[PDB]
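In what follows, a structure is listed as structure tokens, so that the remarks can point back to it.
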Amino acid sequence: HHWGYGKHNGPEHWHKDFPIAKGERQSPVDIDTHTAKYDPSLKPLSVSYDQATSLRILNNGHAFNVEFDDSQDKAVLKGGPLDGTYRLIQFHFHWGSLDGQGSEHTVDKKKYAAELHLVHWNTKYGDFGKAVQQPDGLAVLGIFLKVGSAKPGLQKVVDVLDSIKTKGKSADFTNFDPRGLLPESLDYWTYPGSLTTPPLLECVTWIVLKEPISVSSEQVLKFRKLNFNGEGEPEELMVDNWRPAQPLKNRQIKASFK
Ligand SMILES: NS(=O)(=O)c1ccccc1F
Ligand SMILES: [Zn+2]
């Protein structure tokens, strides 16, 4: 049946239903740090999350999403490589069964334990569903997670995960401040790519921060207690929900920093 992360429905199979899997601007990629070019004309990112309104957290069977009210310019990303204003719609993570894997992007082939994606759509397209049909429709801010000290601003997410263990469960999730998930520095790499899951649409400006955040072993362990299945279906732990790096093809990764 449907796409997933198993042997039988995982990333090597996706191209049969989503032929853009083999396209010219797929994500994630390996970020070769020596080959990335500093682009002095890239602007600082502007992350404006002070008025963010989180609403709900949802296990969609592939990851969990913390969803936001995106019906006004409440949490926006601008600047950097972007033209215009991009509104935060949701964030989610990808993680591993082991601390040695889990990120989608890699840095000089290094895999991190997990990767956070803050997903934003270009307000010139009016809604997310129209934006994903455009080559500049989305901006995803990607942040690596390494295991060490706890991230105190992650704990409220971790603690609600027992309430959304299985596919299709949701829970109210108000007043969560996504600024507590960011590193100190906003230095980044950027390149044009895609959604990393089906439908794999080539609509994303990727902005990947150089500085990882640290999370504790106990925090990532709780992500690994989630289930891909629905309640009353056989239990399959939600782990290794990452797509491996895809060919860079005719793209250059730019760096905001030297
Ligand atoms: N992982 S990602 O590219 O941020 C993503 C965001 C939304 C839908 C599908 C996706 F794949
Ligand atoms: Zn993602």
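Letters for chains follow the order of the structure tokens (A, B, ...), residue numbers begin at 1 for each chain, and ligand numbers begin at 1 in the order shown.
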Protein and nucleic residues near ligand 2, 7 Å, only C-alpha atoms and all ligand atoms, as an mmCIF file with C-alpha atoms, in the first residue's frame:
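See selection22.cif below for the written result:
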data_model
loop_
_atom_site.group_PDB
_atom_site.id
_atom_site.type_symbol
_atom_site.label_atom_id
_atom_site.label_comp_id
_atom_site.auth_asym_id
_atom_site.auth_seq_id
_atom_site.Cartn_x
_atom_site.Cartn_y
_atom_site.Cartn_z
ATOM 1 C CA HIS A 92 8.273 18.741 12.931
ATOM 2 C CA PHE A 93 11.356 16.544 13.284
ATOM 3 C CA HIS A 94 13.021 13.583 11.628
ATOM 4 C CA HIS A 117 12.074 21.575 10.163
ATOM 5 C CA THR A 196 11.681 15.482 1.753
#
Q: Within range 161-216 of chain A, find each residue whose DSSP state, derived from the backbone, is helix (DSSP H, G or I), and express the selection as number ranges by chain.
A: A: 161-164, 178-181
Enumerate residues in contact with ligand 1: an atom-to-atom distance of at most 7 Å, counting only C-alpha atoms and all ligand atoms. Format the result as an mmCIF file with C-alpha atoms, in the first residue's frame.
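In the end it all went to pocket.cif:
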data_model
loop_
_atom_site.group_PDB
_atom_site.id
_atom_site.type_symbol
_atom_site.label_atom_id
_atom_site.label_comp_id
_atom_site.auth_asym_id
_atom_site.auth_seq_id
_atom_site.Cartn_x
_atom_site.Cartn_y
_atom_site.Cartn_z
ATOM 1 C CA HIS A 117 12.074 21.575 10.163
ATOM 2 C CA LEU A 118 10.197 24.898 10.617
ATOM 3 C CA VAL A 119 7.947 25.085 7.582
ATOM 4 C CA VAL A 140 12.052 25.446 5.477
ATOM 5 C CA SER A 194 12.096 19.934 -2.348
ATOM 6 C CA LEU A 195 9.798 18.470 0.247
ATOM 7 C CA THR A 196 11.681 15.482 1.753
ATOM 8 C CA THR A 197 8.578 13.323 1.817
ATOM 9 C CA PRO A 198 5.948 12.566 -0.817
ATOM 10 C CA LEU A 200 8.436 15.566 -2.991
#
Q: Write out as a list in words which residues come within 12 Å of residue 82 in chain A when counting only C-alpha atoms, dropping same-chain ones fewer than 5 positions away.
A: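 The residues satisfying every condition are residues 42, 43, 44, 45, 46, 47, 76, 77, 120, 121, 122, 123, 136, 137, 138, 139, 140, 141, 190, 191, 192, 204, 205, 206 and 207 of chain A.
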Would you put the residues from that selection into a file with C-alpha atoms, as a PDB file, in the first residue's frame?
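Below you can see selection-v2.pdb, which holds the result:
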ATOM      1  CA  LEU A  42      23.112  36.984   1.526  1.00  0.00           C
ATOM      2  CA  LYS A  43      21.221  38.931   4.239  1.00  0.00           C
ATOM      3  CA  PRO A  44      20.762  37.963   7.865  1.00  0.00           C
ATOM      4  CA  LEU A  45      17.824  35.835   8.387  1.00  0.00           C
ATOM      5  CA  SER A  46      14.879  37.617  10.095  1.00  0.00           C
ATOM      6  CA  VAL A  47      13.020  35.204  12.290  1.00  0.00           C
ATOM      7  CA  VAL A  76       7.251  34.952   9.838  1.00  0.00           C
ATOM      8  CA  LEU A  77      10.582  34.309   8.262  1.00  0.00           C
ATOM      9  CA  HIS A 120       6.844  28.441   6.098  1.00  0.00           C
ATOM     10  CA  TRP A 121       4.888  29.408   2.998  1.00  0.00           C
ATOM     11  CA  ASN A 122       5.219  32.475   0.795  1.00  0.00           C
ATOM     12  CA  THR A 123       2.353  34.826   1.493  1.00  0.00           C
ATOM     13  CA  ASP A 136       9.591  29.667  -4.411  1.00  0.00           C
ATOM     14  CA  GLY A 137       6.524  28.561  -2.454  1.00  0.00           C
ATOM     15  CA  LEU A 138       8.114  27.344   0.820  1.00  0.00           C
ATOM     16  CA  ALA A 139      11.024  28.184   3.083  1.00  0.00           C
ATOM     17  CA  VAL A 140      12.052  25.446   5.477  1.00  0.00           C
ATOM     18  CA  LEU A 141      14.434  26.323   8.267  1.00  0.00           C
ATOM     19  CA  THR A 190      20.884  27.684   1.542  1.00  0.00           C
ATOM     20  CA  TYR A 191      19.944  25.943  -1.679  1.00  0.00           C
ATOM     21  CA  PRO A 192      16.864  25.265  -3.774  1.00  0.00           C
ATOM     22  CA  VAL A 204      11.402  24.754  -1.106  1.00  0.00           C
ATOM     23  CA  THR A 205      14.136  27.265  -0.394  1.00  0.00           C
ATOM     24  CA  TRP A 206      16.100  25.345   2.230  1.00  0.00           C
ATOM     25  CA  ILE A 207      17.854  27.363   4.937  1.00  0.00           C
TER      26      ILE A 207
END
Q. When distances are computed from only C-alpha atoms, which of A:99, A:115, A:83, A:218 shows the smallest separation from residue 242 in chain A?
A.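 Of A:99, A:115, A:83, A:218, the one nearest residue 242 in chain A is A:115, counting only C-alpha atoms.
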Q: Compare A:36, A:238, A:52, A:209 by their minimum atom-to-atom distance to residue 184 in chain A, counting only C-alpha atoms, and give me the closest one.
A: A:209
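If only C-alpha atoms are the atoms counted, then among A:168, A:126, A:183, A:178 the closest residue to residue 143 in chain A is A:183.
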Q | Counting only C-alpha atoms, the option among A:201, A:158, A:29, A:248 closest to residue 221 in chain A | A | A:158
Q. Do you know which residues are at most 8 Å from residue 257 in chain A counting only C-alpha atoms, after dropping those on the same chain fewer than 4 positions away, and could you put them as a ChimeraX atom specification?
A. /A:38-40,187-188
Can I get the selection written as a PDB file, in the first residue's frame, with N, CA and C atoms?
ATOM      1  N   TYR A  38      30.617  31.140   0.183  1.00  0.00           N
ATOM      2  CA  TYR A  38      30.152  32.313   0.872  1.00  0.00           C
ATOM      3  C   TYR A  38      29.546  33.314  -0.047  1.00  0.00           C
ATOM      4  N   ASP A  39      28.389  33.808   0.169  1.00  0.00           N
ATOM      5  CA  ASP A  39      27.771  34.738  -0.676  1.00  0.00           C
ATOM      6  C   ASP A  39      27.585  35.991   0.164  1.00  0.00           C
ATOM      7  N   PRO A  40      28.492  37.020   0.007  1.00  0.00           N
ATOM      8  CA  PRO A  40      28.466  38.215   0.917  1.00  0.00           C
ATOM      9  C   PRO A  40      27.270  39.001   0.711  1.00  0.00           C
ATOM     10  N   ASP A 187      23.729  31.746  11.447  1.00  0.00           N
ATOM     11  CA  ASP A 187      24.496  31.430  10.259  1.00  0.00           C
ATOM     12  C   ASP A 187      23.926  30.243   9.559  1.00  0.00           C
ATOM     13  N   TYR A 188      23.911  30.257   8.242  1.00  0.00           N
ATOM     14  CA  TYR A 188      23.195  29.206   7.494  1.00  0.00           C
ATOM     15  C   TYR A 188      23.820  28.886   6.189  1.00  0.00           C
TER      16      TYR A 188
END
Q. Taking into account only C-alpha atoms, which residue in the set A:17, A:253, A:164, A:175 is nearest to residue 231 in chain A?
A. A:164
Q. Any idea what's packed within 8 Å of range 110-112 of chain A, counting only C-alpha atoms, ignoring anything in its chain fewer than 2 positions away? Could you give it as JSON, numbers by chain?
A. {"A": [99, 100, 101, 102, 103, 104, 105, 106, 107, 108, 114, 115, 144, 145, 146]}
(Q) Taking only C-alpha atoms into account, name the residue in A:28, A:160, A:8, A:22 that is nearest to residue 243 in chain A. (A) A:28
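Of the residues in range 39-68 of chain A, those that DSSP places in strand (DSSP E) on the basis of the backbone are residues 45, 46, 47, 48, 54, 55, 56, 57, 58, 59, 64, 65, 66, 67 and 68 of chain A.
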Q. Which distance in Å separates CA of residue 174 in chain A and CA of residue 88 in chain A, to one decimal?
A. 14.8 Å
Applying 8 Å and only C-alpha atoms, which residues near residue 50 in chain A remain after dropping the ones on its own chain fewer than 4 positions away? List them as a PDB file with C-alpha atoms, in the first residue's frame.
ATOM      1  CA  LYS A  74       2.050  36.166  13.315  1.00  0.00           C
ATOM      2  CA  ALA A  75       5.316  34.144  12.980  1.00  0.00           C
ATOM      3  CA  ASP A 177       7.100  29.395  21.808  1.00  0.00           C
ATOM      4  CA  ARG A 179      11.992  30.594  19.706  1.00  0.00           C
TER       5      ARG A 179
END
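Note that the spacing between CA of residue 18 in chain A and CA of residue 132 in chain A amounts to 14.8 Å.
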Q.
What does the structure give for the distance between CA of residue 252 in chain A and CA of residue 96 in chain A, in Å to one decimal?
A.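 According to the coordinates, CA of residue 252 in chain A and CA of residue 96 in chain A are separated by 27.6 Å.
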